[PDB]
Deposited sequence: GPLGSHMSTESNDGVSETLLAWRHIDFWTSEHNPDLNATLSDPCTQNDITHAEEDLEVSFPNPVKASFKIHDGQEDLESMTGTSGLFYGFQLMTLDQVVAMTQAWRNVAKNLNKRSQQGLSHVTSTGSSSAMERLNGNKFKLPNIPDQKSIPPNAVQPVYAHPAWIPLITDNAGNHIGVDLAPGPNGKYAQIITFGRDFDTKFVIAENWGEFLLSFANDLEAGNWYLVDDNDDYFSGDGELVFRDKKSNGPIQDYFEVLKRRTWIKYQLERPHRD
């Protein structure tokens, strides 16, 4: 099925975990989008959000925290869950880039042929941001060996794109499983990843996702 279950389940675990270990991060999780907000977005972008993505939006419209000054603390080990407004704005942003480009080194994909080998595509809908040009999001125009609505890395520093999940649900869930596995350090602090079981160092979450993907591919 679509990964709606996983979405719903993940948000339970994430909502619970944040409330327990990091209230301040909890506060930042926004109220649900209404159905009209999302229909308006879908009309604006002329796309159908996959079911799981619509489910996540109907739980949290990204993160906010206006009274903070140092910037928002990204839920995903520093990366910020985007609001529907930001999703629309950035999607149109990247759509302009694709236009300007119609006339960047070599683009590749892991797995091979899973993601279109391009810098920007109109159908790559960003959902998470580093506020530094890079995104996780959902791919609505997969390559030949890709899957519709797979979750991918793309952006400024992602000449190679990685498929990091089959759907948004699986992604949210693996994030939830990291939290529960104790794979975290608080810097009541900034959230960053470490492999608890291996007494591993602090690592950028993107490098973790890329590594995992690579490993999974070779198997």
Where are the holes in the model when you compare it to the deposited sequence?
-> 1-11, 115-144, 229-237, 270-275
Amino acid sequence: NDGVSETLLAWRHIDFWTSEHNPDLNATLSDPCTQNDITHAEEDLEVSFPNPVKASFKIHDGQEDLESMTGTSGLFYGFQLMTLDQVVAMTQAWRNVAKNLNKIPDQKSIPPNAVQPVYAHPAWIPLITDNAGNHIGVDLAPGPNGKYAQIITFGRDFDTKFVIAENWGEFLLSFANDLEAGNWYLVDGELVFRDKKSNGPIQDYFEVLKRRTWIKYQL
From here on, numbers count along this sequence of modelled residues.
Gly71 unmodelled in at least a third of other compared entries = yes
Among the other PDB entries compared that flank it on both sides, is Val88 unmodelled in a third or more?
-> no
Using the B-factors in the PDB entry, rank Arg156's C-alpha atom against the chain and give the third, lowest, middle or highest.
-> highest
By the entry's values, the third containing the CA B factor of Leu81 is the highest
Going by the recorded CA B-factors, say which third of the chain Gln92 sits in, lowest, middle or highest.
-> highest
Chain-relative CA temperature factor third for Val118 = lowest
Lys197 - Cα temperature factor, lowest/middle/highest third of chain = lowest
